[PDB]
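Heads up, the thing below is written out as structure tokens.
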Amino acid sequence: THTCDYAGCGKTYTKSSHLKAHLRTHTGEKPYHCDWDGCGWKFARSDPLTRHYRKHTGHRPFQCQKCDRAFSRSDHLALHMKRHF
DNA sequence: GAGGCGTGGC
DNA sequence: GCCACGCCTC
Ligand SMILES: [Zn+2]
Ligand SMILES: [Zn+2]
Ligand SMILES: [Zn+2]
């Protein structure tokens, strides 16, 4: 029901927080800044900043159960499993 | 690999 | 709102 009020946009979302995040695409707002040395990246929502920061810290939570290769994202690990079929 | 993004449990 | 999922596109 929550629909973007901008003229050229008709996107509708389920939750209010979803719409709030979408409006940042029109306004160009990005409150979530990466505080690394010289990165300067900014994001409209929380999770991609957290995901990005793992690029700096090498945090690879997702471990492969067959081989010792681990990845920072669940989707990366999923694709890797195809090489084990 | 990595950003952009729809969706949903808490 | 946090944060994960899974997908899309380059
Ligand atoms: Zn819009
Ligand atoms: Zn960064
Ligand atoms: Zn593996």
Side-chain angles (χ1 to χ4, degrees):
Chain A
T1 75
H2 315 154
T3 310
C4 188
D5 293 85
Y6 284 68
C9 176
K11 290 179 181 175
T12 308
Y13 299 92
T14 55
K15 300 185 182 181
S16 178
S17 55
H18 292 179
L19 178 58
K20 294 179 179 179
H22 165 58
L23 304 178
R24 303 211 175 97
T25 64
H26 294 329
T27 63
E29 202 84 299
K30 290 175 166 52
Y32 302 93
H33 314 144
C34 175
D35 74 340
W36 204 252
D37 298 33
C39 181
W41 266 95
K42 300 182 176 183
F43 298 91
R45 30 189 282 195
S46 306
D47 47 308
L49 174 58
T50 308
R51 186 177 61 179
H52 169 73
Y53 214 81
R54 293 169 181 155
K55 182 178 175 181
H56 296 310
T57 66
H59 183 34
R60 292 182 183 174
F62 300 93
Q63 183 66 66
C64 177
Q65 291 301 111
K66 191 183 180 183
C67 68
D68 297 329
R69 271 175 63 79
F71 310 90
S72 61
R73 298 160 53 159
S74 59
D75 59 348
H76 284 180
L77 179 66
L79 304 168
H80 170 73
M81 293 306 305
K82 300 185 181 182
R83 297 161 80 82
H84 290 333
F85 298 170

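Below, each value reflects all heavy atoms present in this structure, side chains not excepted, and no hydrogens, waters or symmetry copies. Residue numbers start from 1 in every chain, and the chains themselves are labelled A, B, ... in the order their sequence lines are given, proteins ahead of strands.
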Strictly distance-based, threshold 3.5 Å: is any side-chain N or O of [X] a donor or acceptor partner for the main-chain N or O of [Y]?
X       : Y       : value
A:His59 : A:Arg54 : no
A:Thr3  : A:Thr1  : yes
A:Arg24 : A:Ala44 : yes

Nearest-Å distance, [atom1] ([X]) to [atom2] ([N])?
X       : N     : atom1 : atom2 : answer
A:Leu79 : B:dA2 : CG    : P     : 14 Å
A:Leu49 : C:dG1 : CG    : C1'   : 14 Å
A:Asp75 : B:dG1 : CG    : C1'   : 10 Å
A:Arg73 : C:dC5 : CZ    : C1'   : 11 Å
A:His59 : C:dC3 : NE2   : P     : 12 Å
A:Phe71 : C:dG6 : CZ    : P     : 15 Å
A:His2  : B:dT7 : NE2   : P     : 13 Å
A:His56 : B:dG3 : NE2   : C1'   : 13 Å

Which one, [options], comes nearest to the side chain of [X]?
X       : options             : answer
A:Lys11 : B:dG6, B:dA2, C:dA4 : B:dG6
A:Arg45 : C:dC7, C:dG1, B:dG6 : B:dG6
A:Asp47 : B:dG1, C:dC8, C:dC3 : C:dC3

Using a cut-off of less than 4.0 Å, is there contact between a side-chain N or O of [X] and OP1 or OP2 of [N]?
X       : N     : value
A:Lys15 : B:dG6 : no
A:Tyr13 : B:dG6 : yes
A:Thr14 : B:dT7 : no
A:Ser74 : C:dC5 : yes
A:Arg54 : C:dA4 : yes
A:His52 : B:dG3 : yes

Item checked: Side-chain donor/acceptor contact of A:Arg51 with base of B:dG1 under 3.5 Å -> no
Check: For the atom pair SG (A:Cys4) and NE2 (A:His18), what is the distance rounded to the nearest 0.5 Å?
Finding: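 The SG atom of A:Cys4 sits 15.0 Å away from the NE2 atom of A:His18.
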Next item on the list: Step through the shown structure and confirm whether more than 12 heavy atoms of other residues, nucleotides or ligands are within 6.0 Å of CG on A:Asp5.
Entry: no
Note to self: Heavy atoms only, 4.0 Å cut-off, all strands: where does A:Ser17 land among base, sugar-phosphate and nothing?
What the structure shows: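 Result for A:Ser17 = base.
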